[PDB]
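Participant: Handing over upload01.txt, compact mmCIF, C-alpha atoms.
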# COMPACT_ATOMS: atom_id res chain seq x y z
CA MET A 1 -17.46 35.26 -1.34
CA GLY A 2 -16.80 35.59 2.37
CA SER A 3 -13.03 35.49 2.08
CA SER A 4 -11.25 38.81 1.71
CA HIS A 5 -8.23 37.85 -0.39
CA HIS A 6 -6.56 34.47 -0.85
CA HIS A 7 -2.87 34.40 0.11
CA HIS A 8 -0.04 31.86 -0.15
CA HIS A 9 1.16 29.31 2.38
CA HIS A 10 4.51 27.73 1.55
CA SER A 11 4.42 24.05 2.47
CA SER A 12 7.24 22.35 4.36
CA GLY A 13 9.04 19.51 2.61
CA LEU A 14 8.77 16.40 4.77
CA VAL A 15 10.92 13.28 4.47
CA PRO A 16 9.61 10.02 2.93
CA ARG A 17 8.84 7.09 5.20
CA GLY A 18 11.06 4.35 3.81
CA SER A 19 9.53 1.35 5.54
CA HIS A 20 7.98 -1.95 4.47
CA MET A 21 5.72 -3.80 6.90
CA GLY A 22 2.33 -5.45 7.16
CA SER A 23 0.75 -8.49 8.76
CA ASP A 24 -1.03 -11.06 6.60
CA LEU A 25 -4.24 -12.72 7.76
CA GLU A 26 -4.82 -16.36 6.83
CA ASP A 27 -8.43 -17.52 6.62
CA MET A 28 -8.97 -20.75 8.53
CA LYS A 29 -10.81 -22.38 11.43
CA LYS A 30 -10.57 -20.44 14.67
CA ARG A 31 -8.68 -22.13 17.49
CA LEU A 32 -8.79 -21.95 21.27
CA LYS A 33 -6.73 -18.83 21.93
CA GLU A 34 -4.62 -19.34 25.04
CA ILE A 35 -2.72 -16.09 24.69
CA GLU A 36 -4.03 -12.53 25.13
CA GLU A 37 -5.22 -10.56 22.11
CA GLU A 38 -5.34 -6.86 21.23
CA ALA A 39 -8.89 -6.15 22.37
CA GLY A 40 -9.57 -2.77 23.95
CA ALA A 41 -12.14 -3.21 26.69
CA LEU A 42 -13.11 -1.23 29.79
CA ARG A 43 -9.75 -0.88 31.51
CA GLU A 44 -7.72 1.96 33.03
CA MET A 45 -5.02 1.13 30.48
CA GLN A 46 -6.08 4.22 28.53
CA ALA A 47 -3.18 6.02 30.21
CA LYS A 48 -0.83 3.53 28.55
CA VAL A 49 -1.25 5.52 25.32
CA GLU A 50 1.92 7.42 26.27
CA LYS A 51 3.94 4.25 25.71
CA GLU A 52 1.76 2.55 23.11
CA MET A 53 2.11 5.62 20.87
CA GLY A 54 5.76 4.70 20.51
CA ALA A 55 4.97 1.04 19.96
CA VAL A 56 2.43 1.69 17.18
CA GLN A 57 4.93 0.01 14.86
CA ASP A 58 4.13 -3.28 16.57
CA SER A 59 0.99 -2.86 18.69
CA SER A 60 -1.16 -0.37 16.77
CA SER A 61 0.37 -1.64 13.53
CA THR A 62 -2.88 -3.18 12.31
CA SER A 63 -4.48 0.25 12.59
CA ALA A 64 -2.36 1.28 9.60
CA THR A 65 -3.99 -1.44 7.49
CA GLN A 66 -7.30 0.28 8.23
CA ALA A 67 -6.62 4.02 8.50
CA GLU A 68 -3.34 4.44 6.61
CA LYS A 69 -4.61 1.93 4.05
CA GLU A 70 -7.00 4.67 2.86
CA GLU A 71 -3.94 6.45 1.54
CA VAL A 72 -1.99 3.38 0.43
CA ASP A 73 -4.89 1.90 -1.59
CA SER A 74 -5.25 5.20 -3.40
CA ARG A 75 -1.48 5.56 -3.80
CA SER A 76 -1.03 2.41 -5.85
CA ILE A 77 -0.64 1.55 -9.53
CA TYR A 78 -2.31 -1.16 -11.60
CA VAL A 79 -0.03 -3.18 -13.87
CA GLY A 80 -1.66 -4.88 -16.84
CA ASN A 81 -0.42 -6.58 -20.03
CA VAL A 82 2.44 -8.11 -18.06
CA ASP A 83 4.70 -10.93 -19.25
CA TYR A 84 3.16 -14.37 -18.83
CA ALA A 85 6.44 -15.51 -17.29
CA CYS A 86 6.89 -12.49 -15.04
CA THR A 87 7.39 -12.61 -11.28
CA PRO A 88 6.00 -10.24 -8.59
CA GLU A 89 9.48 -9.57 -7.19
CA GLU A 90 10.95 -8.44 -10.51
CA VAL A 91 7.91 -6.22 -10.98
CA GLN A 92 7.87 -4.52 -7.58
CA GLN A 93 11.65 -4.10 -7.44
CA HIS A 94 11.74 -2.76 -10.99
CA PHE A 95 9.18 -0.04 -10.32
CA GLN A 96 10.89 0.58 -6.99
CA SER A 97 13.39 2.64 -8.96
CA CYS A 98 10.65 5.24 -9.39
CA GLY A 99 8.77 4.71 -6.16
CA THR A 100 9.10 2.53 -3.08
CA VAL A 101 6.79 -0.47 -2.72
CA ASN A 102 5.20 -1.59 0.57
CA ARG A 103 2.93 -4.32 -0.76
CA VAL A 104 2.25 -6.05 -4.07
CA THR A 105 -0.37 -8.60 -5.13
CA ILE A 106 0.06 -10.69 -8.29
CA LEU A 107 -2.52 -12.92 -9.95
CA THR A 108 -1.88 -15.53 -12.62
CA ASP A 109 -4.54 -15.38 -15.33
CA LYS A 110 -5.82 -18.66 -16.73
CA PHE A 111 -8.46 -17.27 -19.05
CA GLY A 112 -6.03 -16.62 -21.87
CA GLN A 113 -4.99 -13.14 -20.79
CA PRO A 114 -1.37 -12.02 -20.14
CA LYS A 115 -0.45 -13.34 -16.70
CA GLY A 116 1.57 -11.37 -14.19
CA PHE A 117 -1.27 -8.97 -13.37
CA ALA A 118 -0.16 -7.14 -10.24
CA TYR A 119 -0.45 -3.88 -8.35
CA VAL A 120 2.01 -2.21 -5.98
CA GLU A 121 1.03 0.20 -3.21
CA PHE A 122 2.88 2.59 -0.90
CA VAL A 123 2.20 5.23 1.78
CA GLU A 124 4.16 8.10 0.21
CA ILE A 125 2.40 9.89 -2.63
CA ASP A 126 5.68 11.12 -4.12
CA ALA A 127 6.66 7.49 -4.65
CA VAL A 128 3.57 6.50 -6.63
CA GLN A 129 3.67 9.87 -8.41
CA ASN A 130 7.00 8.97 -9.99
CA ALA A 131 5.75 5.45 -10.63
CA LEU A 132 2.60 6.43 -12.55
CA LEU A 133 4.77 8.89 -14.46
CA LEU A 134 7.53 6.52 -15.54
CA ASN A 135 6.67 2.82 -15.37
CA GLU A 136 5.42 1.08 -18.50
CA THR A 137 8.39 0.81 -20.84
CA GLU A 138 9.99 -2.64 -20.73
CA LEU A 139 9.58 -5.51 -18.28
CA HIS A 140 11.04 -8.98 -18.91
CA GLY A 141 11.32 -7.95 -22.55
CA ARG A 142 7.61 -7.18 -22.74
CA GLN A 143 5.63 -3.95 -22.64
CA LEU A 144 2.93 -3.58 -20.00
CA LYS A 145 0.33 -0.95 -19.18
CA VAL A 146 0.49 0.92 -15.88
CA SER A 147 -2.40 3.06 -14.67
CA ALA A 148 -2.93 4.94 -11.41
CA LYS A 149 -4.96 2.88 -8.95
CA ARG A 150 -6.89 5.81 -7.52
CA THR A 151 -9.72 3.81 -5.99
CA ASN A 152 -12.80 5.90 -5.16
CA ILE A 153 -16.52 6.29 -5.75
CA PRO A 154 -17.97 7.32 -9.17
CA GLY A 155 -18.55 10.94 -8.25
Would you mind giving the structure from this file in structure tokens?
Facilitator:
Amino acid sequence: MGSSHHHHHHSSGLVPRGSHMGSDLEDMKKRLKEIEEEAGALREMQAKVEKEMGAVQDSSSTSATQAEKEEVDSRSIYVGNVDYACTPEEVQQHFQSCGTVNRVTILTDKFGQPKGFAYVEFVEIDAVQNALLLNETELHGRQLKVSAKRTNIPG
């Protein structure tokens, strides 16, 4: 109730963001930082947003791994039953034919399960949509299982 009569709003077709980036963090002992770091404190540099907004590809790039990641982690696919002699590159570039890949993590099983377990993620939904649709068929001469990695709570 409340609404009078639902209508229709034609959506505009945007262009895909074909880009691959991301900084990796290595866990180790902290050192004496001599250089400045990206720490926003009480400073009148808030007006610098006009320039920083255009440098978000370098400066506010880590913000994507926190905010945009919420889309990327839910726009990924899980690859199981992979070839024991498979490589991450051949996997991510193979599925790239259906959807672009921004990041991919592979893990070698040593419990007796098929190694090559990996998952690719991207920002564009259209990319993963084609991936989850057409993926598992033949990889390295083996057949794997690909499922949508739609991470979320059980509700």
Participant: Excluding same-chain residues fewer than 3 positions from residue 104 in chain A, what lies within 7 Å of it counting only C-alpha atoms, as a list in words?
Facilitator: residues 92, 118, 119, 120 and 121 of chain A
Participant: Work out how far CA of residue 115 in chain A is from CA of residue 84 in chain A, in Å to one decimal.
Facilitator: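 Going from CA of residue 84 in chain A over to CA of residue 115 in chain A, I get 4.3 Å.
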Participant: Around (6.3, 0.3, -9.3), as given in the file, which residues come within 10 Å? Count all atoms listed in the file and list them as a ChimeraX atom specification.
Facilitator: /A:76-79,90-101,104,118-122,127-132,134-136,146
Participant: Around range 138-142 of chain A, with edges along x, y and z and 6 Å added on all six sides, what centre and edge lengths do you get, in Å to one decimal, as JSON?
Facilitator:
{"center_x": 9.5, "center_y": -5.8, "center_z": -20.5, "size_x": 15.7, "size_y": 18.3, "size_z": 16.5}
Participant: Which residue out of A:21, A:72, A:42, A:55 has the minimum interatomic distance to residue 151 in chain A when all atoms listed in the file are used?
Facilitator: A:72
Participant: Just checking: using only C-alpha atoms, which residue out of A:38, A:110, A:17, A:65 ends up closest to residue 52 in chain A?
Facilitator: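 Of A:38, A:110, A:17, A:65, the one nearest residue 52 in chain A, counting only C-alpha atoms, is A:38.
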Participant: Taking the point (10.0, -5.2, -22.1) as given in the file, collect each protein or nucleic acid residue that comes within 12 Å of it, counting only C-alpha atoms, and present the set as an MDAnalysis selection string.
Facilitator: chainID A and resid 81:86 91 94 135:145
Participant: So how many Å separate CA of residue 113 in chain A and CA of residue 87 in chain A, to one decimal?
Facilitator: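 Taking CA of residue 113 in chain A and CA of residue 87 in chain A, their separation equals 15.6 Å.
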Participant: Please compute the CA of residue 123 in chain A-CA of residue 23 in chain A distance, one decimal, in Å.
Facilitator: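 If I compute the distance from CA of residue 123 in chain A to CA of residue 23 in chain A, I get 15.5 Å.
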Participant: Just checking: using all atoms listed in the file, which residue out of A:22, A:40, A:80, A:155 ends up closest to residue 109 in chain A?
Facilitator: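 Between A:22, A:40, A:80, A:155, the residue approaching residue 109 in chain A most closely is A:80.
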Participant: Which is closest to residue 24 in chain A among A:39, A:45, A:56, A:62, if we use only C-alpha atoms?
Facilitator: A:62
Participant: Which one of A:46, A:102, A:57, A:4 sits closest to residue 19 in chain A if you count all atoms listed in the file?
Facilitator: A:102
Participant: In terms of the shortest atom-to-atom distance over all atoms listed in the file, which of A:125, A:1, A:41, A:133 is closest to residue 16 in chain A?
Facilitator: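 Looking only at the distances to residue 16 in chain A, the closest residue turns out to be A:125.
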